[PDB]
Amino acid sequence: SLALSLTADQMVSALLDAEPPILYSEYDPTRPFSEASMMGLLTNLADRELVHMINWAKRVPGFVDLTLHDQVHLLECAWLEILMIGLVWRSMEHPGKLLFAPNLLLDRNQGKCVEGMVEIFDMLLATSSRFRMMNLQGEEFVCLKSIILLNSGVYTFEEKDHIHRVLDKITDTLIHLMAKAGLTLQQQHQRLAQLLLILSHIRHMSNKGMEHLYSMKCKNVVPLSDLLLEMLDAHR
Amino acid sequence: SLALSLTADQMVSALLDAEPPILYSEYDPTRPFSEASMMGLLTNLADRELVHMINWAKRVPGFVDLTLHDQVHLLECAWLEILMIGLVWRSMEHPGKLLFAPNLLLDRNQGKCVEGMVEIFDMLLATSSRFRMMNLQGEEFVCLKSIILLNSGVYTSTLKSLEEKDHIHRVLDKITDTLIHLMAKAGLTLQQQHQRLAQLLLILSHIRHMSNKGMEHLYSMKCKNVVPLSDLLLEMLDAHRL
Amino acid sequence: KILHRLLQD
Amino acid sequence: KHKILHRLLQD
Ligand SMILES: Oc1ccc(-n2nc3ccc(O)cc3c2Cl)cc1
Ligand SMILES: Oc1ccc(-n2nc3ccc(O)cc3c2Cl)cc1
């Protein structure tokens with residue numbers, strides 16, 4: 001295998017190169033929001049990001065070594081986690097706002113337009129605030145997102161041992177970045193821990209949002225693409 | 001905060017002394033299971049374990065420094081994670097079974113007696129298998145259970161809220177120092193130390209997931225009038241719907 | 001709230 | 001049998 005022989009510097013480069021583009025939303029900003037429109041914007045966006053997430057996943061070292069069925073399971077398990085950590089990252093330098101896209105920057109109070117949404121916004125905003133107080137770096141972000149891809153579904157499965165080897169390499173890469181940034185050993189271990197404990201909160205937010213998305217589908221507040229229904233269906 | 005001045009060895013020892021007892025279920029072995037009786041056993045057990053968890057949390061360094069309202073939120077957020085990690089710890093030495101209690105050891109085929117349960121059993125069993133593969137040690141288990149308590153609800157008013165958060169993060173950083181200390185003492189290399197720290201903390205993402213799922217499932221049993229929940233449990237459960 | 005009381009003991 | 005994800009992956 002070829003992902004097990006990458007260097008720390010080369011793991012970063014490969015992740016930085018695999019990054020998806022930042023997509024714009026269709027939103028016409030001359031008109032205000034309804035509950036149906038906002039939700040349509042969110043799901044339309046997510047549906048387009050999902051296509052590029054598949055391309056990005058295939059470029060994550062070691063992912064391409066897994067069976068097609070295993071790749072499917074991992075992406076089904078983690079897809080909304082991946083979208084949310086994306087969201088939280090780009091919202092990092094906009095305190096109080098979620099940057100869904102460059103032309104869709106939503107205040108905390110705009111989550112009230114959709115029933116049950118503001119609770120989700122609040123958790124997203126507190127995670128972004130956390131990123132900001134840690135001063136999360138781009139190189140660290142691409143490592144965390146990759147970890148989510150490989151970790152979240154790994155226990156719901158040789159296939160497992162390869163993933164855990166690739167995960168160890170990514171741990172090595174995170175530590176390498178912190179050792180390069182001048183952190184002491186004790187500070188490296190502490191930061192590594194702090195960063196990974198955020199993945200617990202991101203899991204919580206995905207689980208909550210999967211439920212909200214389900215409710216919005218049942219109540220029929222908005223039509224969902226076939227791809228999105230399928231990713232939603234995998235969790236139930 | 002005297003807890004911030006604890007060595008690693010004093011942290012371990014305090015956490016080990018704080019451990020709750022292993023409780024018995026009220027399982028009558030000469031009656032047939034139903035969906036209702038099995039859920040009854042699990043919630044009766046959960047309810048009695050909660051009282052011992054409240055007193056364990058008080059013994060976790062730094063926890064008593066927090067305000068009463070923050071202690072409430074932390075436990076309300078994390079109660080089922082904590083119960084579930086206990087259960088997966090207890091089930092380490094019993095492949096294919098969940099030792100809810102010494103008199104309540106269930107396999108996945110018994111989980112099928114309650115609708116929707118077998119999925120959750122399967123996640124719990126696979127986590128126990130991960131624990132066994134890793135050869136998770138009790139000292140590491142008590143550190144993880146404490147991290148769940150402090151971290152899970154930590155992100156849910158200037159100085160006031162901020163310095164409660166700072167304090168929690170200082171305690172969390174001490175538990176990290178303690179885990180590394182343990183692995184170093186056990187003779188793991190510098191690289192193995194950070195790799196294992198990572199592998200252990202990624203399990204908390206899986207435990208969070210299982211708690212989210214179990215809270216949904218419990219809510220559903222409640223809403224179908226399958227089992228009467230004690231007022232404590234009703235309050236704990238209702239914390240997640242508001 | 002029960003939890004609140006139990007924590008005071 | 002024909003999940004969209006499946007066919008998006010094998011491209
Ligand atoms: O990049 C994105 C695109 C979409 C979403 N997102 N977050 C949601 C939370 C609840 C919900 O019902 C739908 C959501 C979407 Cl879409 C999150 C990040
Ligand atoms: O020590 C315990 C005591 C109870 C439980 N538990 N796990 C559950 C999963 C679903 C559910 O509806 C109730 C559950 C309980 Cl109680 C888990 C560990």
# chains A, B, ... in the order shown; residues from 1 in each chain; ligands from 1
>>> residues_near_ligand(ligand="ligand 2", cutoff="9 Å", atoms="only C-alpha atoms and all ligand atoms", output="PyMOL selection string")
chain B and resi 23+39-50+80-88+99-101+114+116-117+120-121+210-211+213-222+233
>>> write_last_selection(atoms="N, CA and C atoms", output="compact mmCIF listing (two decimals), in the first residue's frame")
# COMPACT_ATOMS: atom_id res chain seq x y z
N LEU B 23 -23.71 -2.66 40.22
CA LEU B 23 -25.06 -2.93 40.73
C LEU B 23 -25.72 -4.17 40.08
N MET B 39 -36.84 -3.83 29.03
CA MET B 39 -36.70 -2.37 29.18
C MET B 39 -36.84 -1.92 30.63
N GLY B 40 -37.75 -2.57 31.37
CA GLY B 40 -37.93 -2.33 32.81
C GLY B 40 -36.65 -2.60 33.58
N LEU B 41 -36.04 -3.76 33.34
CA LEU B 41 -34.75 -4.10 33.93
C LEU B 41 -33.65 -3.04 33.63
N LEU B 42 -33.52 -2.64 32.37
CA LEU B 42 -32.50 -1.69 31.96
C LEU B 42 -32.70 -0.29 32.55
N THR B 43 -33.94 0.15 32.68
CA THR B 43 -34.20 1.51 33.22
C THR B 43 -34.17 1.52 34.75
N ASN B 44 -34.67 0.46 35.38
CA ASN B 44 -34.49 0.27 36.83
C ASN B 44 -33.01 0.31 37.20
N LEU B 45 -32.19 -0.40 36.44
CA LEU B 45 -30.75 -0.44 36.67
C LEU B 45 -30.13 0.94 36.48
N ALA B 46 -30.45 1.55 35.34
CA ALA B 46 -29.97 2.89 34.99
C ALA B 46 -30.28 3.90 36.08
N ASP B 47 -31.48 3.80 36.66
CA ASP B 47 -31.95 4.74 37.67
C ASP B 47 -31.14 4.65 38.99
N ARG B 48 -30.80 3.43 39.37
CA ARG B 48 -30.03 3.19 40.58
C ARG B 48 -28.56 3.55 40.34
N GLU B 49 -28.05 3.28 39.14
CA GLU B 49 -26.70 3.68 38.77
C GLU B 49 -26.49 5.19 38.73
N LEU B 50 -27.55 5.92 38.40
CA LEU B 50 -27.54 7.38 38.34
C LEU B 50 -27.20 8.01 39.70
N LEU B 80 -25.91 9.10 29.80
CA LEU B 80 -26.01 7.84 29.06
C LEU B 80 -24.67 7.44 28.45
N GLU B 81 -23.85 8.42 28.07
CA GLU B 81 -22.48 8.12 27.59
C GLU B 81 -21.71 7.40 28.69
N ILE B 82 -21.79 7.97 29.88
CA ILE B 82 -21.11 7.46 31.06
C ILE B 82 -21.61 6.04 31.37
N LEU B 83 -22.94 5.84 31.46
CA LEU B 83 -23.51 4.48 31.67
C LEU B 83 -23.02 3.49 30.62
N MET B 84 -23.06 3.92 29.35
CA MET B 84 -22.68 3.05 28.22
C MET B 84 -21.20 2.70 28.21
N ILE B 85 -20.33 3.65 28.51
CA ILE B 85 -18.90 3.32 28.57
C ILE B 85 -18.63 2.36 29.73
N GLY B 86 -19.33 2.53 30.85
CA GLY B 86 -19.26 1.55 31.95
C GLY B 86 -19.61 0.15 31.47
N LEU B 87 -20.73 0.07 30.78
CA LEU B 87 -21.26 -1.20 30.28
C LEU B 87 -20.30 -1.90 29.33
N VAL B 88 -19.66 -1.13 28.45
CA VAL B 88 -18.69 -1.64 27.47
C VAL B 88 -17.39 -2.05 28.18
N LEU B 99 -22.62 -7.23 29.69
CA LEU B 99 -22.82 -7.43 31.12
C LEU B 99 -23.41 -6.14 31.70
N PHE B 100 -24.72 -5.97 31.54
CA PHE B 100 -25.43 -4.86 32.20
C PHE B 100 -25.24 -4.95 33.71
N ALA B 101 -25.31 -6.17 34.23
CA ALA B 101 -25.16 -6.46 35.64
C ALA B 101 -24.64 -7.89 35.72
N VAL B 114 -36.54 -6.52 22.42
CA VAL B 114 -37.00 -5.14 22.42
C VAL B 114 -36.79 -4.56 21.03
N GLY B 116 -35.87 -2.33 18.01
CA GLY B 116 -34.86 -1.31 17.82
C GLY B 116 -33.63 -1.48 18.69
N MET B 117 -33.67 -2.41 19.64
CA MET B 117 -32.57 -2.55 20.57
C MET B 117 -31.34 -3.22 19.95
N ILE B 120 -28.50 -1.24 18.69
CA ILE B 120 -27.74 -0.56 19.72
C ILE B 120 -26.83 -1.57 20.43
N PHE B 121 -27.37 -2.74 20.74
CA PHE B 121 -26.53 -3.86 21.23
C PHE B 121 -25.31 -4.04 20.31
N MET B 210 -23.52 6.36 20.20
CA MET B 210 -24.35 5.32 20.85
C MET B 210 -25.34 5.92 21.86
N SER B 211 -24.89 6.93 22.59
CA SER B 211 -25.77 7.64 23.51
C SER B 211 -26.91 8.39 22.76
N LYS B 213 -28.14 7.63 19.83
CA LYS B 213 -29.05 6.56 19.41
C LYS B 213 -29.89 6.00 20.55
N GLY B 214 -29.26 5.75 21.69
CA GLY B 214 -29.96 5.21 22.85
C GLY B 214 -30.98 6.14 23.48
N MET B 215 -30.73 7.44 23.38
CA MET B 215 -31.65 8.48 23.85
C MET B 215 -32.91 8.55 22.98
N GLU B 216 -32.71 8.53 21.65
CA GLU B 216 -33.82 8.34 20.70
C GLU B 216 -34.62 7.09 21.04
N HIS B 217 -33.92 5.97 21.22
CA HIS B 217 -34.59 4.69 21.45
C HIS B 217 -35.41 4.71 22.75
N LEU B 218 -34.84 5.30 23.78
CA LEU B 218 -35.48 5.39 25.07
C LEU B 218 -36.70 6.30 25.00
N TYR B 219 -36.53 7.44 24.33
CA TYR B 219 -37.63 8.35 24.05
C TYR B 219 -38.80 7.61 23.40
N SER B 220 -38.47 6.71 22.48
CA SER B 220 -39.47 5.95 21.73
C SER B 220 -40.21 4.94 22.61
N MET B 221 -39.48 4.28 23.50
CA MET B 221 -40.08 3.37 24.46
C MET B 221 -41.02 4.13 25.41
N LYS B 222 -40.57 5.30 25.84
CA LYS B 222 -41.36 6.17 26.68
C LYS B 222 -42.65 6.59 25.96
N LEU B 233 -35.11 9.75 35.71
CA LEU B 233 -34.82 9.34 34.35
C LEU B 233 -35.59 10.19 33.34
>>> interface_residues(of="chain B", to="chain A", cutoff="6 Å", atoms="only C-alpha atoms", output="ChimeraX atom specification")
/B:173,195,205
>>> interface_residues(of="chain C", to="chain B", cutoff="7 Å", atoms="only C-alpha atoms", output="number ranges by chain")
C: 2-4, 7
>>> write_last_selection(atoms="N, CA and C atoms", output="compact mmCIF listing (two decimals), in the first residue's frame")
# COMPACT_ATOMS: atom_id res chain seq x y z
N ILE C 2 -35.00 16.93 40.37
CA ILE C 2 -34.41 15.88 41.20
C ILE C 2 -32.88 15.92 41.16
N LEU C 3 -32.32 16.01 39.95
CA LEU C 3 -30.87 16.01 39.76
C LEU C 3 -30.22 17.13 40.57
N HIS C 4 -30.81 18.31 40.47
CA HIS C 4 -30.38 19.47 41.23
C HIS C 4 -30.32 19.22 42.76
N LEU C 7 -27.55 16.51 43.71
CA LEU C 7 -26.22 17.13 43.68
C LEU C 7 -25.89 17.92 44.95
>>> residues_near_ligand(ligand="ligand 1", cutoff="6 Å", atoms="only C-alpha atoms and all ligand atoms", output="list in words")
residues 42, 43, 45, 46, 83, 84, 87, 100, 209, 212 and 213 of chain A
>>> select_by_dssp(residues="region 20-220 of chain A", states="helix (DSSP H, G or I)", output="PyMOL selection string")
chain A and resi 35-58+63-65+68-90+108-113+117-134+138-151+159-180+185-218
>>> residues_around(residues="region 2-10 of chain D", least_positions_apart="6", cutoff="12 Å", atoms="only C-alpha atoms", output="ChimeraX atom specification")
/A:47,50-59,63-64,66-76,79,225-234
>>> write_last_selection(atoms="N, CA, C and O atoms", output="short mmCIF file (atom, residue, chain, number, x, y, z; two decimals), in the first residue's frame")
data_model
loop_
_atom_site.label_atom_id
_atom_site.label_comp_id
_atom_site.auth_asym_id
_atom_site.auth_seq_id
_atom_site.Cartn_x
_atom_site.Cartn_y
_atom_site.Cartn_z
N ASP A 47 -26.40 18.94 -1.25
CA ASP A 47 -26.45 18.03 -2.38
C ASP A 47 -25.30 18.25 -3.38
O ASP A 47 -24.77 17.27 -3.95
N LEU A 50 -21.97 17.26 -1.59
CA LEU A 50 -21.83 15.82 -1.47
C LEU A 50 -21.10 15.21 -2.68
O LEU A 50 -20.28 14.30 -2.50
N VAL A 51 -21.38 15.72 -3.88
CA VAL A 51 -20.72 15.24 -5.08
C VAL A 51 -19.20 15.45 -5.01
O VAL A 51 -18.43 14.55 -5.36
N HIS A 52 -18.77 16.63 -4.55
CA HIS A 52 -17.35 16.95 -4.43
C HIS A 52 -16.69 16.24 -3.22
O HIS A 52 -15.49 15.98 -3.24
N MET A 53 -17.48 15.91 -2.21
CA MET A 53 -17.01 15.14 -1.07
C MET A 53 -16.60 13.73 -1.50
O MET A 53 -15.61 13.17 -1.02
N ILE A 54 -17.36 13.16 -2.40
CA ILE A 54 -17.01 11.86 -2.97
C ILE A 54 -15.65 11.94 -3.68
O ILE A 54 -14.78 11.10 -3.43
N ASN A 55 -15.42 12.96 -4.49
CA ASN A 55 -14.10 13.17 -5.11
C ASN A 55 -13.00 13.37 -4.08
O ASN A 55 -11.90 12.84 -4.23
N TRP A 56 -13.29 14.14 -3.03
CA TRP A 56 -12.31 14.39 -1.99
C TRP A 56 -11.95 13.11 -1.20
O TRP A 56 -10.79 12.89 -0.83
N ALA A 57 -12.96 12.29 -0.91
CA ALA A 57 -12.78 11.07 -0.14
C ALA A 57 -11.84 10.10 -0.86
O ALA A 57 -10.97 9.48 -0.24
N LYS A 58 -12.06 9.98 -2.16
CA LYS A 58 -11.23 9.13 -3.03
C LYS A 58 -9.77 9.57 -3.05
O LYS A 58 -8.89 8.75 -3.29
N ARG A 59 -9.52 10.86 -2.80
CA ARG A 59 -8.15 11.41 -2.69
C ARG A 59 -7.55 11.37 -1.29
O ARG A 59 -6.37 11.73 -1.11
N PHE A 63 -8.02 5.55 1.38
CA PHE A 63 -9.47 5.38 1.15
C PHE A 63 -9.70 4.50 -0.07
O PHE A 63 -10.55 3.60 -0.05
N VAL A 64 -8.92 4.75 -1.12
CA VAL A 64 -9.04 4.04 -2.37
C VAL A 64 -8.65 2.57 -2.23
O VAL A 64 -9.05 1.74 -3.05
N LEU A 66 -9.74 0.66 0.19
CA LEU A 66 -10.91 -0.04 0.76
C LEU A 66 -11.85 -0.57 -0.32
O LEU A 66 -11.93 -0.01 -1.42
N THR A 67 -12.57 -1.64 -0.01
CA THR A 67 -13.63 -2.11 -0.90
C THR A 67 -14.65 -1.00 -1.16
O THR A 67 -14.83 -0.10 -0.32
N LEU A 68 -15.32 -1.07 -2.30
CA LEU A 68 -16.37 -0.11 -2.65
C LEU A 68 -17.46 -0.08 -1.59
O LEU A 68 -18.00 0.98 -1.30
N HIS A 69 -17.78 -1.24 -1.03
CA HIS A 69 -18.81 -1.34 0.00
C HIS A 69 -18.38 -0.64 1.28
O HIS A 69 -19.19 0.02 1.94
N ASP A 70 -17.12 -0.81 1.64
CA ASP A 70 -16.57 -0.14 2.82
C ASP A 70 -16.51 1.39 2.67
O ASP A 70 -16.75 2.10 3.64
N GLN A 71 -16.18 1.87 1.47
CA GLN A 71 -16.13 3.31 1.17
C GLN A 71 -17.54 3.91 1.33
O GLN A 71 -17.72 4.94 1.98
N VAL A 72 -18.51 3.24 0.71
CA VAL A 72 -19.95 3.57 0.85
C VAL A 72 -20.42 3.70 2.32
O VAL A 72 -21.05 4.68 2.69
N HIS A 73 -20.09 2.70 3.14
CA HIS A 73 -20.48 2.70 4.56
C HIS A 73 -19.88 3.86 5.33
O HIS A 73 -20.54 4.46 6.18
N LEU A 74 -18.62 4.17 5.05
CA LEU A 74 -17.92 5.24 5.75
C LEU A 74 -18.53 6.60 5.43
O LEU A 74 -18.86 7.36 6.34
N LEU A 75 -18.68 6.89 4.13
CA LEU A 75 -19.33 8.10 3.67
C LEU A 75 -20.79 8.24 4.12
O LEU A 75 -21.21 9.33 4.52
N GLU A 76 -21.57 7.16 4.05
CA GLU A 76 -22.93 7.18 4.63
C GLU A 76 -22.95 7.53 6.11
O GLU A 76 -23.83 8.27 6.57
N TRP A 79 -21.11 11.56 6.40
CA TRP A 79 -21.27 12.66 5.43
C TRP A 79 -21.68 14.00 6.05
O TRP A 79 -21.19 15.04 5.62
N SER A 225 -33.24 16.05 -2.92
CA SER A 225 -32.67 15.28 -4.04
C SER A 225 -32.59 13.78 -3.70
O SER A 225 -32.58 13.40 -2.53
N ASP A 226 -32.50 12.95 -4.74
CA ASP A 226 -32.39 11.50 -4.54
C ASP A 226 -31.13 11.12 -3.74
O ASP A 226 -31.19 10.24 -2.88
N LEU A 227 -30.01 11.78 -4.04
CA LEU A 227 -28.75 11.50 -3.34
C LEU A 227 -28.91 11.77 -1.84
O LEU A 227 -28.51 10.95 -1.02
N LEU A 228 -29.51 12.91 -1.50
CA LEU A 228 -29.64 13.33 -0.10
C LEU A 228 -30.59 12.40 0.68
O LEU A 228 -30.28 11.99 1.81
N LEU A 229 -31.72 12.04 0.06
CA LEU A 229 -32.64 11.03 0.62
C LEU A 229 -31.93 9.70 0.90
O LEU A 229 -32.19 9.05 1.91
N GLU A 230 -31.03 9.31 0.01
CA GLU A 230 -30.27 8.07 0.15
C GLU A 230 -29.24 8.12 1.29
O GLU A 230 -29.05 7.13 2.01
N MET A 231 -28.59 9.27 1.45
CA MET A 231 -27.65 9.46 2.55
C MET A 231 -28.40 9.54 3.87
O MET A 231 -27.89 9.08 4.90
N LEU A 232 -29.60 10.13 3.83
CA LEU A 232 -30.47 10.22 5.00
C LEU A 232 -31.00 8.84 5.36
O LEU A 232 -31.03 8.47 6.54
N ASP A 233 -31.42 8.09 4.34
CA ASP A 233 -31.94 6.72 4.51
C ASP A 233 -30.97 5.74 5.17
O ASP A 233 -31.41 4.80 5.82
N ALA A 234 -29.67 5.94 4.98
CA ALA A 234 -28.67 5.01 5.51
C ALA A 234 -28.67 5.00 7.05
O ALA A 234 -28.33 3.99 7.66
#
>>> residues_around(residues="residue 143 (chain B)", least_positions_apart="2", cutoff="8 Å", atoms="only C-alpha atoms", output="compact mmCIF listing (two decimals) with C-alpha atoms, in the first residue's frame")
# COMPACT_ATOMS: atom_id res chain seq x y z
CA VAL B 12 -5.30 8.12 38.81
CA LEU B 15 -10.39 8.45 39.94
CA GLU B 139 -6.69 3.44 34.68
CA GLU B 140 -7.35 4.53 31.07
CA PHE B 141 -11.03 3.67 31.37
CA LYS B 145 -15.12 8.29 31.65
CA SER B 146 -14.01 11.52 33.40
CA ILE B 147 -13.27 13.24 30.07
CA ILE B 175 -6.40 14.16 32.40
CA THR B 178 -2.32 11.66 33.16
CA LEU B 179 -3.12 9.36 30.25
>>> atom_distance(atom1="CA of residue 97 (chain B)", atom2="CA of residue 33 (chain B)")
16.7 Å
>>> atom_distance(atom1="CA of residue 121 (chain A)", atom2="CA of residue 33 (chain A)")
16.3 Å
>>> atom_distance(atom1="CA of residue 183 (chain A)", atom2="CA of residue 144 (chain A)")
18.5 Å
>>> decode(residues="region 109-163 of chain B", atoms="C-alpha atoms", output="short mmCIF file (atom, residue, chain, number, x, y, z; two decimals), in the first residue's frame")
data_model
loop_
_atom_site.label_atom_id
_atom_site.label_comp_id
_atom_site.auth_asym_id
_atom_site.auth_seq_id
_atom_site.Cartn_x
_atom_site.Cartn_y
_atom_site.Cartn_z
CA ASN B 109 -30.31 -12.33 20.20
CA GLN B 110 -31.76 -11.30 23.57
CA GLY B 111 -31.60 -7.63 22.47
CA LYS B 112 -34.06 -8.52 19.66
CA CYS B 113 -36.76 -8.97 22.35
CA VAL B 114 -37.00 -5.14 22.42
CA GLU B 115 -37.70 -3.49 19.08
CA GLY B 116 -34.86 -1.31 17.82
CA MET B 117 -32.57 -2.55 20.57
CA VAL B 118 -30.43 -5.06 18.62
CA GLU B 119 -28.90 -2.27 16.54
CA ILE B 120 -27.74 -0.56 19.72
CA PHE B 121 -26.53 -3.86 21.23
CA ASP B 122 -24.45 -4.36 18.04
CA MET B 123 -22.77 -0.95 18.35
CA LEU B 124 -22.09 -1.60 22.09
CA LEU B 125 -20.68 -5.08 21.32
CA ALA B 126 -18.39 -3.75 18.59
CA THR B 127 -17.12 -1.06 21.02
CA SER B 128 -16.41 -3.72 23.66
CA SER B 129 -14.50 -5.63 20.93
CA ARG B 130 -12.48 -2.47 20.21
CA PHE B 131 -11.69 -2.17 23.98
CA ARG B 132 -10.50 -5.84 23.98
CA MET B 133 -8.37 -5.35 20.84
CA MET B 134 -6.76 -2.26 22.40
CA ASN B 135 -6.33 -4.02 25.78
CA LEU B 136 -7.86 -0.97 27.47
CA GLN B 137 -6.69 -0.72 31.09
CA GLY B 138 -8.86 0.39 34.02
CA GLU B 139 -6.69 3.44 34.68
CA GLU B 140 -7.35 4.53 31.07
CA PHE B 141 -11.03 3.67 31.37
CA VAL B 142 -11.46 5.97 34.41
CA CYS B 143 -9.67 8.83 32.59
CA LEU B 144 -11.97 8.46 29.54
CA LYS B 145 -15.12 8.29 31.65
CA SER B 146 -14.01 11.52 33.40
CA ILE B 147 -13.27 13.24 30.07
CA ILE B 148 -16.77 12.39 28.87
CA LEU B 149 -18.26 13.98 31.99
CA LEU B 150 -16.27 17.22 31.59
CA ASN B 151 -16.22 17.53 27.76
CA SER B 152 -19.57 16.37 26.35
CA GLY B 153 -21.67 19.23 27.64
CA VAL B 154 -18.89 21.81 27.85
CA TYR B 155 -19.91 23.80 24.71
CA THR B 156 -23.68 23.81 25.38
CA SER B 157 -21.91 35.60 29.99
CA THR B 158 -18.37 37.05 29.92
CA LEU B 159 -16.02 36.03 32.80
CA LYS B 160 -18.76 33.91 34.47
CA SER B 161 -19.37 31.27 31.76
CA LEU B 162 -15.89 31.70 30.27
CA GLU B 163 -13.93 30.94 33.48
#
